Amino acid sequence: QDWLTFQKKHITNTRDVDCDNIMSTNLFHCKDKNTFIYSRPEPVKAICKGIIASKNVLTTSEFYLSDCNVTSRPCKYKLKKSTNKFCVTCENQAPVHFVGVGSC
């Protein structure tokens, strides 16, 4: 919904996201999936440079992604690492929503 919340929800400082731990917190409340971007914030913010009105943008470069995908056991996850482009909603020059992997 805003750049502060996007960083908390979708940017990780460690590739090996501790899914069963973090996914169980209020922010994610045991949901089935969450894509995290392994980067410091500024190169991710930079995806949106110059874009004022809300617009979905597919990244120009690929990033390191870490996904927490639920297993058959509620709130227990597999961590899956991949490299791909992703789509975010840019608004007033920052990412405010994560849209999806690979395509808008």
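Counting begins at 1, following the sequence as shown.
A.B. asks: If you average the Cα B factors in the entry, which is higher, 21-29 or 80-88?
C.D. replies: Of 21-29 and 80-88, the stretch with the higher C-alpha B-factor average is 21-29.
A.B. asks: Going by what the PDB entry lists, where does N13 fall on CA B-factor within its chain: lowest, middle or highest third?
C.D. replies: Its C-alpha B-factor, which the entry lists for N13, ranks in the middle third among residues of this chain.
A.B. asks: Ordered by C-alpha B-factor within the chain, which third holds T35? Give me lowest, middle or highest, please.
C.D. replies: It falls in the bottom third of the chain.
A.B. asks: Taking only the Cα B-factors deposited for this chain, tell me whether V57 sits in the lowest, middle or highest third.
C.D. replies: Within its chain, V57 is a middle-third residue by C-alpha B-factor, going by the deposited values.
A.B. asks: Which third, lowest, middle or highest, does the C-alpha temperature factor of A46 belong to within its own chain?
C.D. replies: For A46, the deposited C-alpha B-factor lands in the middle third.
A.B. asks: Determine, from the deposited record, the chain-internal third of the Cα B-factor for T71: lowest, middle or highest.
C.D. replies: Middle third of the chain for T71's C-alpha B-factor.
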